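S.K.: Model the following, please.
(one chain, ligands or ions: 1)
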Amino acid sequence: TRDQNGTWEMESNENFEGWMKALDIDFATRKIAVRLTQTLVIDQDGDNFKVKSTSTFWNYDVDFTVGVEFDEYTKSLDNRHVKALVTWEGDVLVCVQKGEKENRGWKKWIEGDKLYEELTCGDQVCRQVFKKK
Ligand SMILES: *C/C=C(\C)c1ccc(N(C)C)s1
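M.R.: Residues are numbered from 1 along each chain as shown. What follows is the structure:
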């Protein structure tokens, strides 16, 4: 199941604060951001993806082509330069962001009408579940 198209509304969020701490996000931002429900909008056509992560506090958008490395500035998240690559491991979409932080990236996959996400950085893992709206 590779079709991740849709507007995805958060149902569950685990260890989001630990992931933000691993990125060195400042105290004030974390305390506010950890409270918030997230939305994920994914536009997927072949290898081309357009991903938007939103809350009332942020809007993080990235476009990429599966299998094509891209240099990336992580902008309002943590203002770092990484070399990013998104690929398929079966039906798990896997992103690796090479740079200052170890084990940095994410994984997304579908189960039923839900989208599961792992956000990793350092020794931290944030687990999220979204429902298709
Ligand atoms: C596929 C998920 C992303 C590209 C995300 C970028 C920032 C996120 N959060 C702050 C939750 S998710």
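
S.K.: in the sheet, who's paired with residue 105?
M.R.: residue 96, residue 120 (DSSP bridges).

S.K.: from this structure, which residue is nearest to the ligand?
M.R.: residue 53 (3.9 Å; CB to the nearest ligand atom). For every residue, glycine as well, the C-beta is placed using N, CA and C.

S.K.: so what's that residue up against?
M.R.: 38-40, 59-61 (CB atoms under 8 Å, 6 or more residues apart in numbering).

S.K.: what's the helix or strand for it?
M.R.: strand 48-54 (DSSP states H and E).

S.K.: Starting from that strand, tell me the next helix or strand along the chain.
M.R.: strand 59-65.

S.K.: What angle do strand 48-54 and that next one make with each other?
M.R.: Computed by axes from the mean of the first three to the mean of the last three CA atoms, to 10 degrees, the angle separating strand 59-65 from strand 48-54 equals 170 degrees.
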